[PDB]
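For reference, the chain that follows is the form deposited in one PDB entry, supplied as structure tokens.
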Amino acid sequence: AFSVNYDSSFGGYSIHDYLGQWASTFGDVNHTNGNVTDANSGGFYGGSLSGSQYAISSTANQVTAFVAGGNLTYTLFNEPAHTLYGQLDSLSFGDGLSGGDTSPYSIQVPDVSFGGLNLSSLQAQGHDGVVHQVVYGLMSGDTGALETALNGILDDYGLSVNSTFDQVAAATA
């Protein structure tokens, strides 16, 4: 049922009066096209994050970056906490990062990229999942988990991470 709680000093105020005073001090956040940042976006509680891509740029130089493509969700503060899981199809490495809103993320000056990775992990595996280990590894500048996963795939072609890009392109054609 509809209910109202209030500090007792507002007992004799009308609802209209109160909301007029609240709005007066609040002002206008100007949540409009071209004007939305973290200062006026507001925020959500209780939710997870999802998307066909996750991307991040270096804080050391703000240029070096990677883009993970697939079907990913991140539990954020839901349990198991701070777990990335789902399907990791692709990984692009290079300099500069554009898009991410009404267009996909893209590396501006691409070096190298991998497609058809076919890596997946369940929510319940938590931080032990391969997708989480790979992507979080890369956020921390640690390629070890990625290289272990790539060695697993490349094993089918008699290759490894010590193979060159030309060798890998030759066997996977």
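Only residues modelled in both forms are compared. Between two forms, the rigid core is defined as the largest C-alpha subset superposing within 1.5 Å. One-based numbering along the sequence shown.
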On average, which has the higher Cα B-factor in the deposited entry, 123-131 or 31-39? 31-39
When the modelled residues of the chain are sorted by Cα temperature factor, does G51 land in the lowest, middle or highest third? middle
Can you tell me whether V63 has a C-alpha B-factor in the lowest, middle or highest third compared with the other modelled residues of the same chain? highest
For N5, does the deposited CA B-factor place it in the lowest, middle or highest third of the chain? middle
Relative C-alpha B-factor of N78, binned into the chain's lowest, middle or highest third: highest
Relative to the other modelled residues in the chain, which third contains the C-alpha temperature factor of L19: lowest, middle or highest? lowest
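From this point on, the text means the form deposited in another entry, which you will not see here.
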Taking the rigid core as reference, which of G126, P110, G47, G144 is displaced at the C-alpha by at least 2 Å between the shown form and the other one? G47
Relative to the form shown here, do the C-alpha atoms of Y74 and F44 sit closer together or farther apart in the other entry, given a change of 3 Å or more? closer
Assert for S98-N33 (C-alpha, 3 Å or more) in the other entry vs reference form: pair farther
Consecutive stretches, 3 or more residues long, displaced between the shown form and the other one (C-alpha shift of at least 2 Å once the core is aligned): 1-48
